[PDB]
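As a starting point, one isolated chain is supplied in structure tokens, in the form deposited in one PDB entry.
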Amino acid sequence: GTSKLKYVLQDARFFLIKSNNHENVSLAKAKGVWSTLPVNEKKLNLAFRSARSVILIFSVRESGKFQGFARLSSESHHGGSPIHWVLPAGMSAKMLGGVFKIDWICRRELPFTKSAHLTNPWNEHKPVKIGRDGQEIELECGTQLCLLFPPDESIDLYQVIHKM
């Protein structure tokens, strides 16, 4: 069903995450972590304190799809085992130093063709697939986007709910 999912998404905030490569999203799915550039790191830390759920919706550049979505379980922290991110040209390891812990809600993909009816008011009403890394997605659009993903039967949102 969709009732626990809707409960998790109630009054949530949503952010588009754009990865330049598949490798880093695969690592994030395996290890439950994400890192972003300092500008977005500060925004996500502010949002984590402001809302009961902050949802990251991932899309790999040139894939034509979203690869899933996850909820922040923590603000960024430094000083763990260095995650072996594949580094885009011009991006340093220090730039990705802040590590957020995340709980995946759906690890399944959604092609952009399925979200063509959803526009984001916080990005000039452009289709929700359009946006830079860190673009906030307004509540209604983000909720409807998350509800379009195929159900991920491998995830139990009970423990996710128990973190809110």
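In this text, the rigid core denotes the largest set of C-alpha atoms whose superposition between the two forms falls within 1.5 Å. One rule holds for the numbers: they count along the sequence shown, beginning at 1.
- According to the PDB record, 96 to 104 carries the higher mean C-alpha B-factor of the two stretches 96 to 104 and 52 to 60.
- Averaged over Cα atoms, the B-factor as recorded in the entry is higher for 151 to 159 than for the other of 136 to 144 and 151 to 159.
- The residue among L110, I130, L118, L27 whose C-alpha carries the highest B-factor in the deposited model is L27.
- Placement of the Cα temperature factor of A70 within the chain: lowest third of the modelled residues, per the deposited record.
This protein has a second form, the form deposited in another entry, left out of what is shown; the following refers to that one.
- Once you line up the core between the shown form and the other one, the Cα of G97 ends up 2 Å or more from where it was.
- Once both forms are fitted on their rigid core, the CA atom of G32 lies less than 2 Å apart between the shown form and the other one.
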